[PDB]
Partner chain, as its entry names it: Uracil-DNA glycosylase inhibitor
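Presented below, as structure tokens, is a lone chain in the form solved without the partner chain.
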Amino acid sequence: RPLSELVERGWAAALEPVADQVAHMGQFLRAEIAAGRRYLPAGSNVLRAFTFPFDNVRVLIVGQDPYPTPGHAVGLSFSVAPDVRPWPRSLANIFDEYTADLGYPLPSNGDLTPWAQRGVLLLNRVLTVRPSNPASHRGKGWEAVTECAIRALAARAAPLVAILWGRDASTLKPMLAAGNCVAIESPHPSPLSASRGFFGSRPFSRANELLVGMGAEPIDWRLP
């Protein structure tokens, strides 16, 4: 099943260097189901961030791992289905920093699809997880794929703001040093990290200033 049949053409051209690594992950995920070990998100959502145009990404948000709880992970980092309540704790924290920063009402639901439609790539360093076992798919070979994806967005001769949430900041800043790119970091919005530097980081209106700075359009961050 060639990438072109799983992701947007731009992305498929961007990810040809790791097309094998991608196929190998499909074998891994197949072996996981065979062994009675489901994964999240759903197979159709695993590469979903790369379903929005490679050539339209203005802001890259990089997390760690998909939500480990069944019903949560939808293949856009931090996003959940429109009817999901309560929200996952990372998303609740994000939304509070959202209203602090931008002064907009608390969003209705946790569906971050509007951001994806407006050039925000919602990326996780690792794109699958064993349910109720956080970070369980670290080291399984996603890292090569997300690094090629990040490296490819940086070499793209267009403005990019990277928002590096959590332990992958110092690993990802180097891939993102380029005249057209700025990487801003904070501790992860997860409950244990969020109090020591996520709250008050005002990343959304920082991102916008850096864009307007680079002559590019600001993101409209407004969620219904």
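Positions refer to the first chain, counted from 1. Take the two forms, find the largest set of C-alpha atoms that superpose within 1.5 Å, and that set is the rigid core.
A summary of the deposited B-factors shows that, of 181-189 and 153-161, the stretch with the larger mean C-alpha value is 153-161. When the two stretches 190-198 and 46-54 are set side by side, the higher mean Cα temperature factor goes to 190-198. Going by the entry's values, 132 shows the largest Cα B-factor out of 108, 132, 93, 79.
When the modelled residues of the chain are ordered by their C-alpha B factor, residue 10 lands in the middle third.
The deposited CA B-factor of residue 83 belongs to the highest third of values across its chain.
Residue 63: CA B factor lies in the lowest third for its chain, per the PDB record. When the modelled residues of the chain are ordered by their C-alpha B factor, residue 89 lands in the lowest third. When the modelled residues of the chain are ordered by C-alpha B-factor, residue 41 sits in the lowest third.
Only in words, not in the display: the form deposited with the partner chain bound, which the text now covers.
Distance criterion of 4.5 Å from any heavy atom to the partner chain in the deposited complex singles out 190 from the list 51, 190, 56, 45. Under a 4.5 angstroms non-hydrogen atom cutoff, the partner chain in the deposited complex has residue 67 among its neighbouring residues. Contact between residue 77 and the partner chain in the deposited complex is not found at the 4.5 Å heavy atom cutoff.
Contact between residue 139 and the partner chain in the deposited complex is not found at the 4.5 Å heavy atom cutoff.
Interface residue remark: residue 107 is not counted as part of the site for the partner chain in the deposited complex, having no heavy atom within 4.5 Å. Heavy atoms within 4.5 Å of the partner chain in the deposited complex belong, among the stretches 112-120, 141-149, 97-105, 126-134, to residues of 126-134.
After superposition on the rigid core, the Cα of residue 185 moves by less than 2 Å between the shown form and the other one. Core-superposed comparison between the shown form and the other one: the Cα of residue 172 travels less than 2 Å.
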